[PDB]
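The residues making up each chain are set out below.
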2 protein chains.
Amino acid sequence: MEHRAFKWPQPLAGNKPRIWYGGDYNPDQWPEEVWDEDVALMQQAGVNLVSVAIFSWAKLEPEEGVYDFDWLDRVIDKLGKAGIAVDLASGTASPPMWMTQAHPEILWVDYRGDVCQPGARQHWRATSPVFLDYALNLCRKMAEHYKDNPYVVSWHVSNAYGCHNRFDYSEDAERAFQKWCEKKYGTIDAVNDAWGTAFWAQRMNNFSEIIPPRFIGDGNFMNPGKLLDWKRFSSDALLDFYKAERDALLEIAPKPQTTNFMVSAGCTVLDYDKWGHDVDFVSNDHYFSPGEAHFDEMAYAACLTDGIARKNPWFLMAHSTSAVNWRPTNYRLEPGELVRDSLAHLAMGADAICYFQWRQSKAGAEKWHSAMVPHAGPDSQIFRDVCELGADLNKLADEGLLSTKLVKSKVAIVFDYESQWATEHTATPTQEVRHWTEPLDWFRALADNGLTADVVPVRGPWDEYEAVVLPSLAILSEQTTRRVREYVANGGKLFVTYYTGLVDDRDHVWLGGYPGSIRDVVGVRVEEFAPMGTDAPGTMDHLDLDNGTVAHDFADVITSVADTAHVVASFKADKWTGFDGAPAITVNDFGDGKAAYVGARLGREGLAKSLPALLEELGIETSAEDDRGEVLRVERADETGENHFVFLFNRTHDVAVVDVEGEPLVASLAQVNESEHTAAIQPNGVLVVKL
Amino acid sequence: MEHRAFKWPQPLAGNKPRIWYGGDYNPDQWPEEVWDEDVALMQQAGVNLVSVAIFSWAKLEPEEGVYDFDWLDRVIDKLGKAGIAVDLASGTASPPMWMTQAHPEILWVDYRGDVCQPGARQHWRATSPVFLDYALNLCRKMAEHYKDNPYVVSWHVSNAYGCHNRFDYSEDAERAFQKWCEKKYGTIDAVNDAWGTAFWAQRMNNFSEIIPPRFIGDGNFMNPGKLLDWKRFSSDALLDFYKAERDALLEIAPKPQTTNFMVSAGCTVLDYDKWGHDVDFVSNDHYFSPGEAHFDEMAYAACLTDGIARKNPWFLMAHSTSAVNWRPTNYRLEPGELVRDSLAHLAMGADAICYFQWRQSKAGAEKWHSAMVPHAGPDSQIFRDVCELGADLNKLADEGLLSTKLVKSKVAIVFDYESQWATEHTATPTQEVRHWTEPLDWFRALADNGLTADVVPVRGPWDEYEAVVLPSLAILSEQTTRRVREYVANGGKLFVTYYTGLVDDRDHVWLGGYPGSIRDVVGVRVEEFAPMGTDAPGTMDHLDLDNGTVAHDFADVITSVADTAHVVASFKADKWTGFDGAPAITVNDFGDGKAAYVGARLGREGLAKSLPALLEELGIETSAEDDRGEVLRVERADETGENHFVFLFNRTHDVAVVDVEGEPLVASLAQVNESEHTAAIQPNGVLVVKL
Ligand SMILES: OC[C@H]1O[C@H](O)[C@H](O)[C@@H](O)[C@H]1O
Ligand SMILES: OC[C@H]1O[C@H](O)[C@H](O)[C@@H](O)[C@H]1O
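Residues numbered from 1 in each chain as written, not as in the entry; some residues may be left out. Chains lettered and ligands numbered in written order. Part of a larger assembly, values for the part shown. Heavy atoms only, no water.

What the entry reports as its method is X-ray crystallography, with 1.90 Å given for the resolution.

Under the PDB entry, chain A has the name Beta-galactosidase and belongs to Bifidobacterium longum subsp. infantis. Within the UniProt record for chain A, the comment given under Sequence similarities (unreviewed entry) is "Belongs to the glycosyl hydrolase 42 family." What the UniProt record of chain A gives under Catalytic activity (unreviewed entry) is the line "Hydrolysis of terminal non-reducing beta-D-galactose residues in beta-D-galactosides." (UniProt positions renumbered as here; feature names shortened; annotations may be inferred.)

Here is the structure:
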């Protein structure tokens, strides 16, 4: 896999490079006189880019073969005249009513054969030929019309593919899946082997016997190999649609182009790292996680985004000023979080900061979603903070932040979309264990130990790092196995955890003892698992460790430890459980490297407490200060190292005090003491320094 | 109802009778070189029977009308020559893809009309004539081919009927249900009366107006008499299918034949006692209940299996060496439980001990289900315990265990599949009360008081016992009523609980006060119920009793007690409830016997504490020992008494001390003190002795 060449949206003629600042703009939802008020307010706020026409198909093509562009010409002109750049959409995110009325075969079909209707959005099949013809047609009309518009700086292709239409079970999907399987496997016997079809009379004579994983009765168990391929296929079918639209636009109007991802700790609707290879620049939608996890999970997701972009600058396409509309309980943001959240994504390497949306809708299903201009209007704390943020971004651009990169960490935490899919089967050891939670737990625990990790997709250069975490990385292919073995052999410092390396990329178990492909590297052998929980009276729901930590949900049964290895921590338990004195945490010497195995789920807190002794043995340096977990430190720098920025975020509900090590440029809820060269950072506060 | 003559699978020429030991064997999932390792490991383990071809249809008939037997002939010859017998499947458990592609009408239909697809197993309609054709054809091909094979000791017809295909709502089912109703009732007027169809305008003019209980809207209320008959019909249709396959194998290849049941405390997909009349020997699958109930519920289930078998030896077709795959959290087994669990089924009368499965699948939906040979291979604690168990079963057969029977208890606990169905309606007094939990509660509480009960299906000879429990036995027919009355009148000691005798076998309520067919027998009259729970603030969630116990979920409102009866325990409550000082537990003198009435759910704990007084009133003797409930004592003996075995299982997490009353044969996590003639049984331990 090669990436496309990097391309970034360029300034309007006569403008200098800025951190792009703005949001989705939907003037089609407002009387025309509002657009001038919009433009005045945008200039006040320091907004310099908006994303237009994303769901405007029914206005752009109001009946088949009739096109209406004048309204959009006029808004683009207003914006451009005022010095505001337009990120223009294909307009193909969701079809108009006329089209699905005429062609119901466009509508995706669920696992039971029920047809998703219009009434919301993105109700189209990824593999519909009819819908592709309509999408490519609008793409060509749009590219033809805006080819020479100097105010349009980039293409926003469709919108968040697969958010609603990830899975289709129609005849189109059935045929496409068959062809996808022929292309991957060549022969039906290679499919029979991969999926283990000798089990339960599933063996197929030919590729026409491959059906999608449709309804099989509630609570019954689908073929796991097949269901993993179904997820890979579904991602790939949408990726092919993206490529088609992308290609139809660029053939006519070559401009920097992206499509917006949905990278967050727990969102795996697509293999976003694979998709990263086909965008010109990575753009992402991220919304805060409610409660205590808000800051850490956002910094993590932004970190992953940077990792998908291979440390190139990236584009925050969407986040919220305050509440969203789509949770059961739509918590608002607290004072300071607007500025802080935006500066967090920026610190993780974004050169653009954009919201959904500019102006809060007064009608429709997202009327309750926050905006930059709330229902309350610009006499509001939200808009004041938006303007403050505008001025902050202008300041950081002035001081040279643009094109700097997220500094390389000591530690790469590995993420694999496919490993997450493997852990989603309904007949694994426990539904309570998925891939995705572990890398996040480790990011938080390393931050508690004063270390900001990088998060690196499994295809990416994790093997170039001082230290690497494999966090519940269920899949290890032959290839990844070899990369792991050699990494350690040649000086690598590895952490491996439970639920890592169970299977290969066909979802076949590595035999002989878990983790079956790398027992030599970790220096342990696991014969079986001990899932934990509380779903009946008297189930085992925890295991204490002799290092003052407690395991929940899952523990390995380690039955041997190599001679090159030693036990760092052991379980304490009732004798009849088998776990008393059993190994929990181990470190192994392998070539010139070391590998630690963490044989149970310890959570953030457990990991955080377990880590000092492991980091010491593996030779990973951190601060000794007991306050090192209070702030998250995030650095951007150019290649020289001359333009070097440090972002410091309070992670706590206490006042955090830090050294100021340069010129302070931005201070949200932070007060510097010039003479003592110190700063007190309030809760939800941030200080930005240039070294 | 007649049972079939008992037949048991016989040894291979030249072998002595043994406790059949082994499991499901799936060579078709492995390279043929692996079969040699399998056979060597089976011999090391003392395995002497395997169950083959259960899901092998796609290999035996890889296309319509093409048969491939050679692989199977070879595997069978490898086994038989190594002294391992073969329980051969009909292969008809689940159809291959080519068959359902060609004949979609085979596929069962859910209540909403959505067709169950292939992708897991058993996706066929019980009443499909085309599927019957295919299944009988393969039966005959297999019978014709293996009728003179001397290594095939029995037939395993299909597999676990109804586990996935209990209910079908297709046109086939509709027509079959009409004919079923006409056979049972004769006239549409008799159906109308049974189902109470004057209510809600449901009266039918003819049999063509009967439809299955299909979708009526979420939360709406099906006609209860029809639903009960639907569950009766569903079990009967699968039974007719089983009999057709059976008769087709046996007309060609008369060998001993069974089909595996799923008897456990809570599983009632079929009337397994009824199905018990059509097997030659009873076989069963049972998997452990997680947590505290593991040991007790397994013993209870084994006990019920023995009851269904009418005290003939029976075949444990499946259980697990450790974790299963199909729970949300798949807990492992603790040290010693492999052996103990097997010995529990044995103590309760099994002459065969078999596992799912011999070797752990490395691919497919049950890859995480434990086995006799784990992924880790034969160098494993599981394989060592499998080998130790094999030796123990050889030892026990050498000492004369075979064909001994579970000793007749003082107490029969009555179980009625149909009564559980009656309690399943959505408009009962409370969804918290079902038939099934009460017999289990009584079994455990009787064990707390040092008595091992028998569990006897309602059709079975419970009226021959010293004492009898009717536990939430919601149906009492006229015939069962007469049997209960005559039992007590002639000297029986009866325990009757709440939710007993509400309805007849048509689900019509017995009028005049509950329980309305037997008020004279129990000497009480219930006017109404008081369900209890916590589903709004301030609901009544318990009622204390003056014997130091607490009722939950349900209490009866007893408003009169007969002159022949007296009150043993009363409720204590806030006065506004109406329950302060009301009767809770009574005893009535009726003819030469007694009937105790327990008018609330006391649970295991409350029943345990209540039982000393009740046992004394009813003249049922038990130990006086404080420690009488620490251990479950299970006994098997021949008709003479000459071979008399005692199994002693620790039920606790303490060391149980016991008296050794014969020769110790098997001691798992138990230590005999020779000279004191005592033994220390560790948690999860068991001692087996011959007197
Ligand atoms: O949070 C809601 C918001 O989510 C994403 O960013 C979408 O692309 C937007 O159109 C909107 O639906
Ligand atoms: O525990 C899993 C196991 O359950 C039963 O015993 C079935 O008959 C087997 O085929 C298998 O599915």
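Now for helix α12 (residues 381-398) of chain A. Because each turn of an α-helix spans 3.6 residues, side chains separated by three or four positions end up pointing in the same direction. Residue and element names in this part refer to chain A. Its 18 residues place the ends of α12 26 Å apart at the C-alpha level, agreeing with the 26 Å of an ideal helix rising 1.5 Å per residue. For α12, the full list of buried residues reads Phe383, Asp385, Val386, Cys387, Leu389, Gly390, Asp392, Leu393, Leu396 and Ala397. Buried positions along α12 lie against β1 (20-25), α1 (34-45), α11 (337-347), β9 (350-355), β25 (663-673) and β26 (678-690). With its phi angle positive at about 105°, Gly400 sits one or two positions after the end of α12. (Helix = DSSP H or I, 4+ residues; strand = E, 2+ residues; numbered from the N terminus. Expected span 1.5 Å × (residues − 1). Buried < 20%, exposed > 50% of the residue type's maximum accessible area, 1.4 Å probe, protein only. Contact = heavy atoms within 4.5 Å.)

On to the domain arrangement of chain A, then. Residue and element names in this part refer to chain A. Under the domain assignment, chain A is made up of domain 1 (1-404), domain 2 (405-624) and domain 3 (625-691). Relative placement of domain 2 and domain 3: their C-alpha centres are 32 Å apart. Tallying the contact residues gives 13 residues for domain 2 and twelve residues for domain 3. Both sides of the domain 2 and domain 3 interface together cover about 1,100 Å² of buried area, and 45% of this is carbon and sulfur. The tally of links from domain 2 across to domain 3 stands at one salt bridge. Counting the contacts that link domain 2 with domain 3 gives ten residue pairs in polar contact. Residue assignment for the side of domain 2 that touches domain 3 shows that the elements contributing at least two residues are β10 (405-406) and α14 (437-448). For the side of domain 2 that touches domain 3, the element with the highest residue contribution is α14, accounting for three residues. (Domains from an automatic or database assignment. Buried area = accessible area lost by both parts, 1.4 Å probe. Salt bridge = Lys/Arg side-chain N within 4 Å of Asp/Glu carboxyl O. Polar contact = N/O pair within 3.5 Å; in protein donor to acceptor, adjacent residues only side chain to side chain.)

Residue and element names in this part refer to chain B. Taken together, nine strands build an open sheet; the order of strands is β5-β4-β3-β2-β1-β9-β8-β7-β6 and the sheet is parallel. The sheet terminates laterally at β5 (257-258) and β6 (260-261), the two strands that pair on one side only. Docked against the sheet, helix α11 (residues 337-347) engages β8 (314-318) and β9 (350-355), running at close to 145° with respect to β9. (Pairing = 2+ DSSP bridges. Axes fitted to C-alpha atoms, helices over the stretch in contact; angles between N-to-C directions.)

Every regular strand shows the same layout, with side chains that alternate between the two sheet faces. Residues and elements named next belong to chain A. Where burial is concerned, the two faces of strand β13 (residues 467-470) agree: the one with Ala467 and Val469 and the one with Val468 and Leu470 are both buried. The sheet contact formed by strand β11 (residues 411-415) and β13 spans three bridges and is parallel. Pairing of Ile413 across the sheet is with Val469, part of β13. Where the polypeptide runs from β13 across helix α15 (residues 478-489) and back to strand β14 (residues 493-497), its parallel neighbour, the crossover connection is right-handed. (Right-handed = clockwise from strand over helix to strand, strands pointing away.)

Residues A:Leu72, A:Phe495, B:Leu72 and B:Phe495 are the most contacted members of the largest nonpolar core, which totals 403 residues. The element that contributes the greatest number of residues to this core is helix α8 (residues 224-252) of chain A, accounting for twelve residues. B:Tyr465, B:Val488, B:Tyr498 and B:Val526 belong to the second-largest nonpolar core, a separate cluster that totals 36 residues. (Core = buried A, V, L, I, M, F, W, Y, C linked by side-chain atoms within 4.5 Å.)

Residue and element names in this part refer to chain A. Reading across the sheet, the nine strands line up as β5-β4-β3-β2-β1-β9-β8-β7-β6 and stay open at both edges, with parallel pairing between neighbours. Lying at the two open borders of the sheet, with one neighbouring strand each, are β5 (257-258) and β6 (260-261). Sheet topology places strand β2 (residues 49-52) next to strand β3 (residues 85-89); four bridges connect them, and they run parallel. The residue of β3 that forms the bridge with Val52 is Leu88. On top of the sheet, α11 reaches β8 (314-318) and β9; it is set at about 145° to β9, its chief contact.

Moving on: the interface of chain B and chain A. Each partner contributes to the interface: chain B provides 57 residues, whereas chain A provides 61 residues. With both chains or domains summed, chain B and chain A bury close to 5,000 Å², and 56% of this area falls on carbon and sulfur atoms. Its largest share of buried area at the contact with chain A, chain B owes to B:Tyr331, B:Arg332 and B:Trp368, together 15% of the area lost on that side. One can count five salt bridges joining chain B with chain A. Between B:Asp110 and A:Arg112 there is a salt bridge, with its nearest N and O atoms 2.8 Å apart. Taken together, chain B and chain A are joined by 30 residue pairs in polar contact. Of all the secondary-structure elements, those providing two or more residues to the side of chain B that touches chain A are α4 (97-102), α12 (381-398) and β26 (678-690) of chain B.

Once chain B has been moved 0.0 Å along the axis and rotated by 120°, it coincides with chain A to within an RMSD of 0.1 Å. On this basis, the relationship between the two copies can be described by a three-fold rotation axis. In terms of C-alpha distance to the rotation axis, chain B has B:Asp114 as its closest residue, with the C-alpha 5.3 Å off the axis. (Least-squares fit on C-alpha atoms.)

To continue, consider the site of ligand 2. Residue and element names in this part refer to chain B. Around ligand 2, the neighbouring residues are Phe55, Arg121, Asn159, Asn260, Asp285, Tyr287, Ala318, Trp326, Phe356, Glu366 and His369. Contact distances for ligand 2 include 2.9 Å between an oxygen atom and a side-chain N or O atom of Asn159. Within the side chain of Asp285, a nitrogen or oxygen atom sits 2.6 Å from an oxygen atom of ligand 2. In isolation ligand 2 has 310 Å² of accessible area, and contact with the protein removes 93% of it. Class assignment for the residues of the shell around ligand 2 results in five nonpolar, three polar and three charged. (Near = heavy atom within 4 Å. Areas by Shrake-Rupley, 256 points an atom, 1.4 Å probe, with all protein chains shown as cover. Nonpolar A, V, L, I, M, F, W, Y, C, P; charged D, E, K, R; others polar.)

This brings us to the pattern of salt bridges. One pass over the full model with this rule turns up 90 salt bridges over all chains. The partner of B:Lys147 in a salt bridge is B:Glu144, with the nearest N and O atoms 3.0 Å apart. Across the pair B:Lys594 and B:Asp589 runs a salt bridge whose closest N-O atoms are separated by 3.0 Å. Note on B:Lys594: relative accessible area 22%, which makes it partly exposed. On the accessibility criterion, B:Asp589 (38% relative accessible area) is partly exposed. One connected set of salt bridges, linked through shared partners, spans A:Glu292, A:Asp296, A:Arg444, A:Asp448, A:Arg604 and A:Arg651.

Quick look at the environment of B:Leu648 now. Residues and elements named next belong to chain B. Its location among the elements puts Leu648 in strand β23 (residues 644-650). For the pair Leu648 and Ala595, spaced 53 residues apart in sequence, the C-alpha separation works out to 31 Å. In contact with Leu648, not counting residues within four places along its chain, are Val631, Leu632, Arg633, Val658, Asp659, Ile681, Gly685, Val686 and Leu687.

Residues and elements named next belong to chain A. A full pass over the atoms with the stated rule returns 83 aromatic pairs over all chains. Between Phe177 and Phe233, the aromatic rings sit 5.2 Å apart at their centres with planes inclined by 45°, giving tilted as the arrangement. Here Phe177, found in helix α6 (residues 171-185), pairs with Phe233, found in helix α8; they are 56 residues apart in sequence, far enough to count as distant. By relative accessible area, which is 0% here, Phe177 ends up buried. (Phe/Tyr/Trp six-rings, centres within 6.5 Å; stacked < 30°, edge-to-face > 60°.)

Moving on, we get to the site of ligand 1. Residue and element names in this part refer to chain A. Close to ligand 1 lie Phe55, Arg121, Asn159, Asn260, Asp285, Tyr287, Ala318, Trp326, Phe356, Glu366 and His369, which account for all nearby residues. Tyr287 places a polar side-chain atom, nitrogen or oxygen, 2.7 Å from an oxygen atom of ligand 1. With respect to ligand 1, the side chain of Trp326 contributes an N or O atom lying 2.8 Å from an oxygen atom. Burial of ligand 1 by the protein chains amounts to 93% of its free accessible area of 310 Å². Looking at side-chain class alone, the shell around ligand 1 contains five nonpolar, three polar and three charged residues.

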